[PDB]
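S.K.: Contents of data-v1.txt (compact mmCIF, C-alpha atoms and all ligand atoms):
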# COMPACT_ATOMS: atom_id res chain seq x y z
CA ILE A 1 6.84 -9.10 -1.13
CA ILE A 2 9.56 -10.79 -3.20
CA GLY A 3 12.64 -11.55 -1.06
CA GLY A 4 12.68 -9.95 2.37
CA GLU A 5 11.80 -11.66 5.61
CA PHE A 6 8.83 -12.61 7.69
CA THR A 7 8.17 -10.06 10.37
CA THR A 8 5.39 -9.30 12.76
CA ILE A 9 3.12 -6.31 13.08
CA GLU A 10 5.21 -4.99 16.02
CA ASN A 11 7.93 -4.12 13.52
CA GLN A 12 5.42 -2.27 11.28
CA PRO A 13 2.61 -1.22 13.63
CA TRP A 14 1.22 1.40 11.22
CA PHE A 15 0.40 -1.47 8.71
CA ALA A 16 -3.34 -1.92 8.01
CA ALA A 17 -4.80 -5.00 6.44
CA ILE A 18 -7.89 -4.24 4.37
CA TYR A 19 -10.46 -6.91 3.48
CA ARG A 20 -13.71 -7.19 1.56
CA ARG A 21 -16.73 -9.08 2.88
CA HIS A 22 -18.91 -11.10 0.54
CA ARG A 23 -22.70 -11.81 0.31
CA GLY A 24 -21.98 -15.23 1.89
CA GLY A 25 -19.67 -13.82 4.61
CA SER A 26 -16.55 -15.08 2.87
CA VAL A 27 -13.74 -12.51 3.54
CA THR A 28 -10.91 -11.94 1.11
CA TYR A 29 -7.92 -9.68 1.38
CA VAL A 30 -7.91 -6.57 -0.75
CA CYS A 31 -4.73 -4.53 -0.11
CA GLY A 32 -2.55 -2.91 2.49
CA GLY A 33 -2.79 0.52 4.01
CA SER A 34 -1.07 2.71 6.66
CA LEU A 35 -2.36 4.30 9.86
CA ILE A 36 -1.70 8.02 9.62
CA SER A 37 -3.91 9.11 12.47
CA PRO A 38 -6.19 7.29 14.88
CA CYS A 39 -9.21 7.41 12.58
CA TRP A 40 -7.47 7.44 9.20
CA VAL A 41 -5.74 4.82 7.04
CA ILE A 42 -4.19 5.73 3.69
CA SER A 43 -3.99 3.32 0.78
CA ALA A 44 -4.38 3.19 -2.96
CA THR A 45 -7.47 4.06 -4.98
CA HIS A 46 -6.85 1.29 -7.45
CA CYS A 47 -7.50 -1.14 -4.65
CA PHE A 48 -11.15 0.00 -4.39
CA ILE A 49 -12.02 1.57 -7.76
CA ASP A 50 -14.02 -1.48 -8.86
CA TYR A 51 -16.10 -1.84 -5.67
CA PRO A 52 -16.33 1.60 -4.25
CA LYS A 53 -18.98 0.98 -1.56
CA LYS A 54 -17.49 1.56 1.88
CA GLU A 55 -19.85 -0.98 3.44
CA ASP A 56 -18.06 -4.03 2.11
CA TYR A 57 -14.71 -3.28 3.70
CA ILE A 58 -13.13 -4.26 6.91
CA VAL A 59 -9.87 -2.92 8.29
CA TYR A 60 -7.53 -4.63 10.74
CA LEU A 61 -4.71 -3.03 12.65
CA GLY A 62 -2.29 -4.93 14.88
CA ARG A 63 -2.61 -7.93 12.51
CA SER A 64 0.30 -10.20 11.56
CA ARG A 65 -1.38 -13.02 9.65
CA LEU A 66 -3.52 -12.97 6.53
CA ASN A 67 -6.33 -15.53 7.08
CA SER A 68 -5.89 -16.17 10.79
CA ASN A 69 -6.35 -13.78 13.70
CA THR A 70 -3.45 -12.56 15.87
CA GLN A 71 -3.33 -11.42 19.51
CA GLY A 72 -3.45 -7.60 19.81
CA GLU A 73 -5.39 -7.02 16.53
CA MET A 74 -8.33 -4.63 16.30
CA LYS A 75 -11.18 -4.63 13.85
CA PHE A 76 -12.77 -1.61 12.18
CA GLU A 77 -15.57 -0.70 9.84
CA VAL A 78 -15.02 1.89 7.11
CA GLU A 79 -16.95 5.07 8.01
CA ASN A 80 -15.70 7.03 4.91
CA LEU A 81 -14.02 5.72 1.75
CA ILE A 82 -12.43 8.50 -0.20
CA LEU A 83 -10.91 7.89 -3.62
CA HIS A 84 -8.96 10.31 -5.75
CA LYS A 85 -11.27 11.84 -8.36
CA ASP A 86 -8.35 12.09 -10.78
CA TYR A 87 -7.37 8.41 -10.43
CA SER A 88 -6.46 6.98 -13.78
CA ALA A 89 -4.39 4.18 -15.19
CA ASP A 90 -3.04 3.74 -18.63
CA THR A 91 -2.07 0.06 -19.24
CA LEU A 92 0.80 0.18 -16.67
CA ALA A 93 1.01 3.34 -14.61
CA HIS A 94 -1.51 4.46 -12.01
CA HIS A 95 -1.97 8.13 -11.52
CA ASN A 96 -3.20 9.68 -8.32
CA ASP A 97 -3.22 6.20 -6.71
CA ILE A 98 -4.30 7.26 -3.28
CA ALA A 99 -7.21 6.66 -1.00
CA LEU A 100 -8.36 7.39 2.57
CA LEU A 101 -10.41 5.32 4.88
CA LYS A 102 -11.91 6.62 8.05
CA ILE A 103 -12.10 3.69 10.35
CA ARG A 104 -14.54 3.22 13.15
CA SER A 105 -15.07 0.24 15.47
CA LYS A 106 -18.55 -1.09 16.31
CA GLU A 107 -18.26 0.69 19.61
CA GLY A 108 -17.71 3.85 17.48
CA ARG A 109 -14.02 4.23 18.35
CA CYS A 110 -10.78 4.90 16.45
CA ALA A 111 -7.37 3.27 16.87
CA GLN A 112 -5.45 3.23 20.08
CA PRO A 113 -1.63 2.99 20.33
CA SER A 114 -0.28 -0.34 21.64
CA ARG A 115 2.55 -2.74 21.15
CA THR A 116 1.00 -3.66 17.77
CA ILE A 117 -0.55 -0.37 16.64
CA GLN A 118 1.08 3.05 16.09
CA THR A 119 0.61 5.87 13.51
CA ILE A 120 3.18 6.69 10.80
CA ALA A 121 4.13 10.37 10.27
CA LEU A 122 3.59 12.04 6.95
CA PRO A 123 6.37 13.97 5.32
CA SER A 124 6.21 17.78 5.14
CA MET A 125 5.60 19.20 1.72
CA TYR A 126 7.86 18.07 -1.06
CA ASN A 127 10.32 16.60 1.44
CA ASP A 128 11.66 13.24 0.17
CA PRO A 129 14.89 11.56 1.29
CA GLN A 130 17.79 11.62 -1.14
CA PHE A 131 18.11 8.91 -3.78
CA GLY A 132 20.13 5.95 -2.44
CA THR A 133 18.18 6.06 0.86
CA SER A 134 17.15 2.57 2.17
CA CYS A 135 13.39 2.31 2.88
CA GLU A 136 11.00 -0.37 3.98
CA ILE A 137 7.97 -1.87 2.41
CA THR A 138 5.61 -4.34 4.09
CA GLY A 139 2.69 -6.50 2.96
CA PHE A 140 0.92 -9.79 2.41
CA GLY A 141 1.62 -9.75 -1.34
CA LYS A 142 2.97 -12.53 -3.49
CA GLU A 143 6.40 -13.96 -2.74
CA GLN A 144 6.92 -14.72 -6.43
CA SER A 145 5.22 -13.15 -9.37
CA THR A 146 4.09 -16.58 -10.60
CA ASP A 147 2.51 -17.75 -7.32
CA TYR A 148 -1.17 -18.16 -7.03
CA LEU A 149 -1.12 -18.05 -3.21
CA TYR A 150 -0.38 -15.34 -0.71
CA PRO A 151 1.80 -15.84 2.32
CA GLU A 152 0.05 -16.27 5.65
CA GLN A 153 2.64 -14.21 7.59
CA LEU A 154 3.39 -10.50 7.16
CA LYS A 155 6.67 -9.76 5.24
CA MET A 156 8.94 -6.77 4.79
CA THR A 157 12.06 -5.92 2.89
CA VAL A 158 14.42 -3.01 2.21
CA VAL A 159 14.61 -1.13 -1.09
CA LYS A 160 16.56 2.02 -2.14
CA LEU A 161 15.13 5.22 -3.59
CA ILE A 162 15.86 5.92 -7.21
CA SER A 163 16.10 9.42 -8.76
CA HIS A 164 13.44 10.38 -11.24
CA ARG A 165 16.12 10.95 -13.84
CA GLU A 166 17.27 7.35 -13.46
CA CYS A 167 13.63 6.07 -13.23
CA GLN A 168 12.78 8.18 -16.25
CA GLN A 169 15.15 6.25 -18.54
CA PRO A 170 13.74 4.29 -21.53
CA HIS A 171 15.16 1.05 -20.18
CA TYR A 172 13.33 1.83 -16.84
CA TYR A 173 9.86 3.51 -17.18
CA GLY A 174 10.52 6.74 -19.13
CA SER A 175 7.90 9.47 -18.74
CA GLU A 176 5.51 6.80 -17.51
CA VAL A 177 6.74 8.01 -14.08
CA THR A 178 5.46 11.47 -13.14
CA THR A 179 6.52 13.88 -10.41
CA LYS A 180 3.71 12.61 -8.14
CA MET A 181 5.36 9.17 -8.21
CA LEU A 182 8.58 7.82 -6.83
CA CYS A 183 10.69 4.72 -7.61
CA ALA A 184 12.40 2.26 -5.32
CA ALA A 185 14.09 -1.06 -5.98
CA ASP A 186 16.83 -3.43 -4.94
CA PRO A 187 20.21 -2.60 -6.44
CA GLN A 188 20.59 -6.34 -7.25
CA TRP A 189 16.87 -6.48 -8.30
CA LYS A 190 16.10 -9.42 -5.91
CA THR A 191 13.45 -7.88 -3.67
CA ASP A 192 10.29 -5.91 -4.42
CA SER A 193 6.60 -5.39 -3.85
CA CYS A 194 4.11 -7.56 -5.79
CA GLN A 195 0.40 -8.27 -6.12
CA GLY A 196 -1.29 -7.93 -2.78
CA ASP A 197 1.21 -5.34 -1.57
CA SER A 198 -0.58 -2.35 -3.11
CA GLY A 199 -1.74 0.44 -0.72
CA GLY A 200 0.99 -0.55 1.61
CA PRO A 201 3.74 1.64 3.05
CA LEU A 202 7.09 2.76 1.84
CA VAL A 203 8.69 3.98 4.99
CA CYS A 204 11.84 6.00 5.36
CA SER A 205 13.74 7.72 8.12
CA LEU A 206 13.70 11.45 7.30
CA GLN A 207 14.81 14.09 9.86
CA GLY A 208 15.18 11.24 12.37
CA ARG A 209 11.54 10.43 11.77
CA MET A 210 9.92 7.21 10.46
CA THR A 211 7.95 8.60 7.57
CA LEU A 212 5.42 7.48 4.97
CA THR A 213 7.32 8.48 1.90
CA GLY A 214 5.32 6.31 -0.49
CA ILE A 215 2.36 4.06 -1.03
CA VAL A 216 2.78 0.89 -3.09
CA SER A 217 1.18 1.57 -6.49
CA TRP A 218 2.55 -0.17 -9.63
CA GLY A 219 5.41 -1.61 -11.68
CA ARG A 220 6.10 -3.97 -14.54
CA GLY A 221 6.36 -7.47 -13.13
CA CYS A 222 7.85 -7.87 -9.62
CA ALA A 223 11.61 -7.73 -8.87
CA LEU A 224 12.39 -7.53 -12.66
CA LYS A 225 15.67 -5.92 -13.71
CA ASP A 226 15.31 -2.22 -14.58
CA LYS A 227 11.67 -2.30 -13.48
CA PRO A 228 11.57 -0.59 -10.09
CA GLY A 229 8.59 -0.38 -7.71
CA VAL A 230 6.50 2.76 -8.27
CA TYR A 231 5.01 4.49 -5.30
CA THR A 232 2.57 7.36 -4.79
CA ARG A 233 4.85 10.23 -3.66
CA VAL A 234 3.08 11.21 -0.50
CA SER A 235 5.00 14.48 -0.01
CA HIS A 236 3.10 15.80 -3.07
CA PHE A 237 -0.39 14.90 -1.86
CA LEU A 238 -0.55 16.86 1.41
CA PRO A 239 -3.21 19.33 0.27
CA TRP A 240 -5.47 16.44 -0.85
CA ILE A 241 -4.87 14.71 2.47
CA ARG A 242 -5.50 17.84 4.60
CA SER A 243 -8.66 18.70 2.59
CA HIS A 244 -10.20 15.31 2.99
CA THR A 245 -9.08 14.65 6.57
CA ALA B 1 -10.47 -16.05 -15.39
CA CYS B 2 -10.36 -13.44 -12.56
CA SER B 3 -13.21 -12.72 -10.03
CA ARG B 4 -14.54 -10.49 -7.17
CA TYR B 5 -12.67 -12.73 -4.69
CA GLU B 6 -9.38 -11.71 -6.19
CA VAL B 7 -6.74 -10.01 -4.06
CA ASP B 8 -5.53 -6.54 -5.28
CA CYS B 9 -6.95 -7.22 -8.78
CA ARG B 10 -5.25 -4.15 -10.29
CA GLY B 11 -1.92 -4.69 -8.60
CA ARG B 12 1.43 -5.11 -10.23
CA UNK B 13 1.63 -8.66 -11.35
CA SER B 14 -2.09 -8.87 -11.94
CA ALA B 15 -3.62 -10.18 -15.15
CA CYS B 16 -5.94 -7.27 -15.73
CA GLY B 17 -6.09 -5.23 -18.94
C1 LIG C 301 -11.02 -9.90 -13.30
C2 LIG C 301 -10.76 -8.57 -12.98
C3 LIG C 301 -10.99 -8.08 -11.68
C4 LIG C 301 -10.69 -6.74 -11.39
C5 LIG C 301 -10.92 -6.26 -10.07
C6 LIG C 301 -10.11 -5.92 -12.39
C7 LIG C 301 -9.85 -6.43 -13.67
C8 LIG C 301 -9.29 -5.69 -14.70
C9 LIG C 301 -10.17 -7.76 -13.95
CL CL C 302 -10.66 13.49 -5.04
Just dump the structure as structure tokens.
M.R.:
Amino acid sequence: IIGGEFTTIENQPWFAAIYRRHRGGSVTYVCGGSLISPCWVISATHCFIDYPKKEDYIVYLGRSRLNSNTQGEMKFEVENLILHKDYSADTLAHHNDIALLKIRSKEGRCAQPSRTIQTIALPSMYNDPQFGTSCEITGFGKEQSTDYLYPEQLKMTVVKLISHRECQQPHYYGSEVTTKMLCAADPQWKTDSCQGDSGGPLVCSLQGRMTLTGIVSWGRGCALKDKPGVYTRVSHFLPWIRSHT
Amino acid sequence: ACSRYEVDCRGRXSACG
């Protein structure tokens, strides 16, 4: 996350931190995700498309730090890893950038609600907040585009929803943005998602409900003028989510 | 170069492609 502030998992308790294990037991971060039910985390297919074997992945909930453990965290295996069979990416945009992970502890259990872990509601079909609405994104992604390191502490920031019309300008992304995507950015262009933030949540209040409006997917650079964040538009993937869940 | 240890290797900001 460019800009924004350090937070803790208690302020984003639906945030899931997804890791890959290596032949030598080295564990590296992959991407973020969101807890949408006790056994299900939603994320982005592009995060997994190169190493699609569920066995390599670990998922943490209740976790506030990237390479250290935090009190109140819970560790899960991936029982099912479901990618979107129409995933594609031209050179910039990612289409159908959405994935599900069924999580299961070693005792065979799913998440339980606590101080650090809660589910995030999905929107009802085709229901997005109005443009101008202030939303939250969270992740362990880069703090600057040029960094080689990732912050150790969870961050969040606020961004505003942008109309397709406005996002579909030449000097933004044009028709590179489809109707199954959604743009958000800082009016002053100082805060944004970046590498490592993908799969993570874009959360808005909608009908007095904290709601998973988007999933961090793509964008040109990070916090670049006229280059908003581009998010999988969850309210247009309900059938896919019901049919796999 | 960019490896299998790389975080979110197809994320915005990544050198892939
Ligand atoms: C080096 C590398 C790694 C991944 C996961 C993807 C691309 C394009 C390049
Ligand atoms: Cl599919």
S.K.: Nearest to ligand CL 302 (chain C): which of A:45, A:130, A:105, A:205 is it, counting all atoms listed in the file?
M.R.: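 Closest to ligand CL 302 (chain C), using all atoms listed in the file: A:45.
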S.K.: Just how far from atom CA of residue B:11 is atom CA of residue A:194, in Å to one decimal?
M.R.: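 That distance, rounded to one decimal, is 7.2 Å.
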S.K.: Identify every residue of chain B that has at least one atom within 8 Å of any atom of chain A, counting all atoms listed in the file, and report the result as an mmCIF file with C-alpha atoms, in the frame of the given file.
M.R.:
data_model
loop_
_atom_site.group_PDB
_atom_site.id
_atom_site.type_symbol
_atom_site.label_atom_id
_atom_site.label_comp_id
_atom_site.auth_asym_id
_atom_site.auth_seq_id
_atom_site.Cartn_x
_atom_site.Cartn_y
_atom_site.Cartn_z
ATOM 1 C CA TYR B 5 -12.670 -12.730 -4.690
ATOM 2 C CA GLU B 6 -9.380 -11.710 -6.190
ATOM 3 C CA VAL B 7 -6.740 -10.010 -4.060
ATOM 4 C CA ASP B 8 -5.530 -6.540 -5.280
ATOM 5 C CA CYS B 9 -6.950 -7.220 -8.780
ATOM 6 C CA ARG B 10 -5.250 -4.150 -10.290
ATOM 7 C CA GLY B 11 -1.920 -4.690 -8.600
ATOM 8 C CA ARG B 12 1.430 -5.110 -10.230
ATOM 9 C CA UNK B 13 1.630 -8.660 -11.350
ATOM 10 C CA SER B 14 -2.090 -8.870 -11.940
ATOM 11 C CA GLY B 17 -6.090 -5.230 -18.940
#
S.K.: At a cut-off of 7 Å and counting only C-alpha atoms and all ligand atoms, what residues surround ligand CL 302 (chain C)? Please answer as a PyMOL selection string.
M.R.: chain A and resi 83-86
S.K.: Taking all atoms listed in the file into account, name the residue in A:239, A:174, A:72, A:228 that is nearest to residue A:188.
M.R.: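 Going through A:239, A:174, A:72, A:228 one by one, the smallest distance to residue A:188 is for A:228.
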S.K.: Using all atoms listed in the file, which residues sit within 10 Å of stretch 10-15 of chain A once same-chain residues fewer than 4 positions away are excluded, as a PyMOL selection string?
M.R.: chain A and resi 32-37+41-42+60-64+72+113-121+136-139+154-156+199-201+203+212
